[PDB]
Amino acid sequence: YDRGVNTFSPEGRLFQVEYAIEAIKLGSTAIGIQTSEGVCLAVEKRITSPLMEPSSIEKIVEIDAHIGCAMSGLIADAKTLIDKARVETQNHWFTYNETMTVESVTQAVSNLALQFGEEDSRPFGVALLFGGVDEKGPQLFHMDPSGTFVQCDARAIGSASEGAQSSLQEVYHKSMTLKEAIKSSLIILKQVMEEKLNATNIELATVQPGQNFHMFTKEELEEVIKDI
Amino acid sequence: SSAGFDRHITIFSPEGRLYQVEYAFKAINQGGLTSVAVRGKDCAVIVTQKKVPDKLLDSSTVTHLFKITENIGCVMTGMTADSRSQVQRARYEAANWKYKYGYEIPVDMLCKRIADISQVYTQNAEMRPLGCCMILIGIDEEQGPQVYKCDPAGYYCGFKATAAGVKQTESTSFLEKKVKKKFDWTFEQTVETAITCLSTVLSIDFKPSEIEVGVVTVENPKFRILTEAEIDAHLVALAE
Amino acid sequence: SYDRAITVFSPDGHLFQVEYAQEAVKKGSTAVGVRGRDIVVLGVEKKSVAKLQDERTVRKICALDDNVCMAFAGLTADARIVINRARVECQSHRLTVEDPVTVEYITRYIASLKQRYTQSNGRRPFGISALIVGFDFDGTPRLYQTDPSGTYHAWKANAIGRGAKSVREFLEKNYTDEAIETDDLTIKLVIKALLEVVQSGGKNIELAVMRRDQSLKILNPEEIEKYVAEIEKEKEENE
Amino acid sequence: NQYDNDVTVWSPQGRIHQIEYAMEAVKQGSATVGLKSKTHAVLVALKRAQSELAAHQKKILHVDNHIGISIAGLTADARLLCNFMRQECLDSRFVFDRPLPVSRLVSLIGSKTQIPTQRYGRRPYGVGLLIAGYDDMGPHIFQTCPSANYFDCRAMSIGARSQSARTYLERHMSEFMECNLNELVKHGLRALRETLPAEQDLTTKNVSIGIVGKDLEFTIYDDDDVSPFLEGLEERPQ
Amino acid sequence: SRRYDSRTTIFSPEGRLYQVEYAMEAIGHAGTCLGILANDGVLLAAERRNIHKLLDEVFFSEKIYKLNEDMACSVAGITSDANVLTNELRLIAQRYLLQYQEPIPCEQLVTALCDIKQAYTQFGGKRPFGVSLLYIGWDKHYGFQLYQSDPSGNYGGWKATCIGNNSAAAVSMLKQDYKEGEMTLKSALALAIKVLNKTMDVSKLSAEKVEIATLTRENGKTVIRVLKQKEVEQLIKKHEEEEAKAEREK
Amino acid sequence: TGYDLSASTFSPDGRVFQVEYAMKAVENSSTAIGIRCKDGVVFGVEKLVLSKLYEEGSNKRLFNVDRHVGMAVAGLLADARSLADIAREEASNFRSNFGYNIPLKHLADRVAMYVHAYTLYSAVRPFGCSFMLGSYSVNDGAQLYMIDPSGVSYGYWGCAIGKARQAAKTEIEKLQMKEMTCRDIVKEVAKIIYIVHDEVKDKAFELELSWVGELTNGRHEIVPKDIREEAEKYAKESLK
Amino acid sequence: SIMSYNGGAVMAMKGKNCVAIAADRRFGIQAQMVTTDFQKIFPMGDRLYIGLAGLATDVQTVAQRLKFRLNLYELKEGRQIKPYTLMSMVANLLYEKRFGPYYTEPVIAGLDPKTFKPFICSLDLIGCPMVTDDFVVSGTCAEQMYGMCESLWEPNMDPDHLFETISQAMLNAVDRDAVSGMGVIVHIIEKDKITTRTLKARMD
Amino acid sequence: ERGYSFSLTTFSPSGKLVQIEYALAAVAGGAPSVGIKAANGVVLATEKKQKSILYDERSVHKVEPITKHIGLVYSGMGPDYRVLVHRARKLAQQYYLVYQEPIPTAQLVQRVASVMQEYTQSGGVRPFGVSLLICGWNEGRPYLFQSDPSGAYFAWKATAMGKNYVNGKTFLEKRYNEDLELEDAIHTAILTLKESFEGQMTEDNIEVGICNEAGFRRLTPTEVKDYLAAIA
């Protein structure tokens, strides 16, 4: 037998959901860190060819003007999640004249992932990191294909995420600053990837309370590399 | 041979056979029961035993004689649960004839419509083909009495002397030796052979309180279940 | 072991029936395409006429709208459904919104239509991969590509079909950072790229260019024979 | 082993194994303890961390002004029953203009979870709901199970290693009807500390306590207001 | 359930199709049909199956189905599956005439069927069509045409084509003897009777075992002539006469 | 056996094991008995305490279908709750369409046909419940019915459902139930429970007695034998 | 009315071995003409015609729906259609729109496909068939057409006098009508040939 | 229900359909039959023996009318026959409601075979186990067709379905000719049914229907006793 589409284990979880966690491991790594000054974020592009255009690979998208995002694993399933995440924050502004909070975004996102099967098919293969500045300051959250939703202070997901989280818990403390946390994250990046760290491998995403603009640094990132 | 899933569902095997319906032919045989119908005259007689194994078990709620309409009665063999659900269709569609068409349903027309419902369960899959059997009686004007019999396969026929349940092959062999000299069937010749067949196939020579007798006659066309007193009247009448 | 379903996962997290659809792409004829300064170009190989048929019904290069092209691989049946569906969307977009259709919008429709076509059981996915080339969005030349998983993606020079690994490795050492101006030079780059064909017969190349302002310009086997002559003229400097 | 595949398939011993396996998903979650007095019903849960610096996953969640529930098991079946739970609570407010009796709301859950334990196409709900409430006849402590049985009780503990919590409740259930909230709450969280490995202690960051009262609306205290409850405690006899 | 289902939709590990390759081989173990262009016509030829001497043949056409007004088609494969496609294809060509009041121009009729024949290889667990069939016709835009349907849905515009595993040596013969440019009707009929002499292994080419239908654009009418068995006879004896010239060289 | 997966398949000898498997799941449940006197029906259920935290009256097996109809279920308790809501809903439509109380002979037919429908398709399984139906009227007297998981439904004078189905009806049938009053029955039901294994190899138990008849004026409710406690006072004297 | 929105007149008449049919040519809105070449007689197979009159929408609509069903009939069966069979086909098409009806009244004229036997019939706007032996008329100016045909018709007529009778019946009746005219076309068919003639009428 | 919707028939690797070839085996093991097209009529005959001396003969018929000029017989299994008979009754009236004219026998077989096609392709159902013989005298010439459970059809002069059909196929070829009368055609239709019958042939062992131009007519046992009265 050994546990097809929808059938319990003799001990624990559904293995279709358990194998959905393993599909994230073949993704690309990404780091998000919450600081009281703002939320910084990073990812590795994994560009294969020079003819392959670099700026077509997106990992950070803009859900709203105060909410960023990050993805890993399957790109094909992630475009479905980002679509309604942009829609139902827009439906909230239509009926309440206000911005949806960062936590209650993923409430609506985690409703749709727990709907696989034939009821009115397969589970998803993509983890997400959500940065944003709501009325309670800056926030950082994370979800999985199992719908298990939780708040994190600093989280790394993707390939080699296990070795990332070991060194990341040493360099973190409660009194960080945003200019400190950005260079603190990319030191972890070049110690877990293998290519030489340049302006084409990685990209950043910062959101601030007073600077709700500019969720995407572009070639000001060249200054940060030469400083370290 | 067992090819594909011929032993499990209703598909064709090699040599044109199909096993899930001819397994239902001996789904009747777990009842431990035998029913006999005899047509000889301007009357028609059902006879069928009851089997009461418990003194806590009642007597009136055992009867297999079922009154479909006022002129049509039937007896059910096989398993009990499929039998009573088959009668719920027979009571229903006998009334749809009266509503749509405005007169009483013939006994020949009703046995067609029951067997056509058992057709689709053989035709369609994932639908269990109702392992029970039904025998009808009734009076048709300008045609006399009739006895019909339906199969789980959807096959029906009409014939004069009927056996069902477990012991067809011993009782139908007795009735061909009985019905070869077509003597005067005189409404007590019919009842006596209805008893003496079952009293020799089972070989019991039984007490007056283990059988039922359904009857219909062209002097009173209503379906009629006999009383324990008058069942005893016919039973001591053959004590010669 | 376990594949035989598009909804089940492997014990190491794979979708083998989705991955098997990309194996059907490698049975197709190769088609390349580059973008340039003004003139975009795409060419196909392996015509192989069979002496007794008309060749205007075996066409692999079609136009969705007036300023966007299409080249594909895979099997011919599934391409006809995607082409005929995409002509409707690039025309119904113009009705609902009075702009012309950008080259980026039509590739998201093809990828998303192939996306939901992979999720539900009893729906065999498309075993084709496509190249969408159009200098339509306000004078800017672009080219994208698709994938049977449903991932639209942008390159600057592309190769597909049976033998794409050699051509894509060839163009990385050949596509100069010097932009190929004097667009017959850019066309000669494709003919040099398509010179590494599976047999390289010379007369089995169907190059189609677009000067970003006119319609499609299908090249004849006399102008393309002139470009094959000058490729041998530059080859005389080896001695 | 061929009978161990679907909910529809009976066994030659007469036991459907898929219902028997959904009980095992309840034991994966952490322990939680609920109990009641004559006037006050308090359920206490135990948080579990995911990492060393993520927030702890919440267990007790508000439902209505007189109903609050705990959780143990799958988080997918948790919020799916909660949205069915909240919809039924406000329909009686909209139609009857009264709060629901607690005993008849749980009968709607057993009718809800019965269909996916008989018809093919949906697994049973792996869930361990504990329910506290107030109808017109005082407090109640209810539990459910993925076999769609619901048990009225005066004290109950379910989850990981919750057998040691049950032994504490049986030898102190005579004291529960009279004592008030200053010790009734810390009668309950003395039962959680046997469901722990013997080296760490129940801190302020890993426990939730929810109180609904006769004159008190259901209130969830966590991580700041647990300190007036954890004061005045002894240690484990080590 | 699950254990009762057929596959019909699942790729190979190498990428090929499991059921589509099987249906393309049952057509080769069936009858023989072919066509040939002319400068002023087009024709079809067919092989008779079940030539037993207790049949009627009262339909005047068995392989040929005159479909719109100026088009017909041969057929090959499962004959029980073939009647569904013909009643649909006449119905596709007739709703076009309700829509534009112009006859269907002989290509997008074929693509309308080839989208229907394709769709059973895709979504829905169903059996694909095991029928390949020919096409003849005339339009305003290109003229006389042949097409080649497939169970996969592929079509091709041929000048002279036939059926495979039954008569695959004919395609090798048609590349040798069909000369380009001049292919007129009397030259094309004598070419067709030469081919069926070899492929059908019955000697002397009994006229009850063949069937020939033609199409000529004649004075703005586009007649479809299913020529009778009386003039099949002298068409055979013309080819039978060609043996007498064929022995003069030796 | 392998040929026993679906409920829509037959064995090679002609029976469905999925119905056979669900019958002996009722066998593992505790004993619930039923009995009727000349002017009423008296129920009685042996029910065991799970550990200690049971709160004295939870999850009962004496339901209340109509004004005069209740159940005495045994088996899977959750499956009986969904089946009890069908009988509550069925008796409501008979009131709204005909204007009077449901007869028990017609009520048991509507329920048993509903149990029958889950024994035919491969999508659903048969029920794992068996139960009792008791009622009282002035035009019909007292009746007592019995429904198996297969759907066979007919009448008794006394019955038992559980482990001791045979071991209880041995000493039910030595009672003169045809002439006793249903106040004398209540002290006689309690000794039938306490003879056969109340807490011998089990831990604990609690007796429940439901009650309907002439003294209740057709109402169905639990006994007032919390008042005067006479059932346990009279049955525990039978130790020797 | 709705029938008087565009006008029209269709007449059929039975002869000895032949049958004739005629109609007008004027197309127009209530008082304003548009053109004088509006077809109202449509061939449905050889030696069998049909004429339509009424609302100009339903004239062009039903003549395409009937052509849709005729070609599907003549391909499932190798034979042609009998004149009795077409009358049952048209009456089915009009009755399906029982409460949304087409505003036309068809006139069917033709010969037998096997013998030489003529056939004429007319239908209502909901499909009541009505066969006669002398003539059928339909259109707005119906009462003027009964006055001419009841006095001029003879039982057994050659194609010479049959043409001259239906000519004088159409010219004298339509010139009395206001919303019909501008030319009359006449079809006269027989076993051997089909003759179509147009008449010299008043163009006012 | 669930809505399973999957067919039980796919291709072999050789390219044959397996379940349709199995259904023809149940056809060949049925009751034998014979049909002969004469110069002025069509003769149908069949083999109707009861398993007992108890079974009435006036209850179930084999020769069955469809319209007043169309009849229809079979060789296969019993209860599947009555489905497509009632299907062909409602189908033949729909032609009459549209065209006000009785259906020709060629057009009826165009649609009955499409019904038998539909149970071969659709989901979860099994194909028929009944082949037919369809007769009728429409537009002067009479007709005689045969439809199989695969969905195809043919047009015979004389044929035989049921058991021992390969013996009756050679016997009809050695006995039939270009033309006979209908009264001569029944004589060679019992003599081919006497080939495979039992030791006794009475008025109730066989059952014969005819097709004159006057319409369809099945024969009472008075004629069939008088027809087999020493005329072979």
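Cut-off values and rules
Residues numbered from 1 in each chain as written, not as in the entry; some residues may be left out. Chains lettered and ligands numbered in written order. Part of a larger assembly, values for the part shown. Heavy atoms only, no water. Residues with missing side-chain atoms left out of burial classes, pairs and counts. Pairing = 2+ DSSP bridges. Helix = DSSP H or I, 4+ residues; strand = E, 2+ residues; numbered from the N terminus. Axes fitted to C-alpha atoms, helices over the stretch in contact; angles between N-to-C directions. Contact = heavy atoms within 4.5 Å. Patch = residues over 30% accessible without salt bridge, like charges linked within 9 Å, V, L, I, M, F, W, Y side chains within 5 Å. Areas by Shrake-Rupley, 256 points an atom, 1.4 Å probe, with all protein chains shown as cover. Salt bridge = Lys/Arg side-chain N within 4 Å of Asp/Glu carboxyl O. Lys, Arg positive; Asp, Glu negative; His and termini not counted. Charge placed at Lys NZ, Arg CZ, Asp CG, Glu CD. Nonpolar A, V, L, I, M, F, W, Y, C, P; charged D, E, K, R; others polar. Expected span 1.5 Å × (residues − 1). Buried < 20%, exposed > 50% of the residue type's maximum accessible area, 1.4 Å probe, protein only.

Method of structure determination, per the deposited record: cryo-EM was used for this entry, reaching 3.2 Å resolution.

A closer look at the sheet that holds strand β10 (residues 135-139) of chain G
Residues and elements named next belong to chain G. Ordered in space as β10-β1-β2-β11-β12, the 5 strands form an open sheet in which the pairing is antiparallel. The sheet is open, and its two edges are formed by β10 and β12 (194-198), each paired on a single side. When the angles between neighbouring strand axes are averaged without regard to direction, this sheet yields 10°. As defined by bridge partners, strand β2 (residues 19-24) adjoins strand β11 (residues 184-189) across 6 bridges and the pair is classed as antiparallel. Directly across from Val19, in β11, lies its bridge partner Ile189. Seen against the sheet, helix α3 (residues 142-152) touches β1 (9-14) and β10 and runs at an angle of roughly 160° to β10. This element, helix α4 (residues 159-174), spans β1, β2, β11 and β12 of the sheet and lies at about 155° to β1.

Quick look at a negative patch on the surface
Taken together, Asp56, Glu57, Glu203, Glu223 and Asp226 of chain H make up a surface patch of like negative charges. On the secondary structure map, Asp226 of chain H appears in helix α6 (residues 221-227).

Overview of the interface of chain C and chain E
Taken together, the contact pairs 24 residues of chain C with 28 residues of chain E. Within the residue set of the side of chain C that touches chain E, elements represented by two or more residues are α1 (16-23) and α2 (76-96) of chain C. Counting residues per element, the side of chain C that touches chain E draws most heavily on α2 of chain C, at 5 residues. The residue inventory of the side of chain C that touches chain E, partitioned by class, reads 9 nonpolar, 5 polar and 10 charged.

Brief notes about helix α3 (residues 107-123) of chain B
With 17 residues, α3 of chain B ought to run about 24 Å at 1.5 Å a step, and its terminal C-alpha atoms sit 25 Å apart, in line with that. Among all positions of α3 of chain B, only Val107, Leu110, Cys111, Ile114, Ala115, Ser118, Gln119, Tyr121, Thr122 and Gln123 of chain B are buried.

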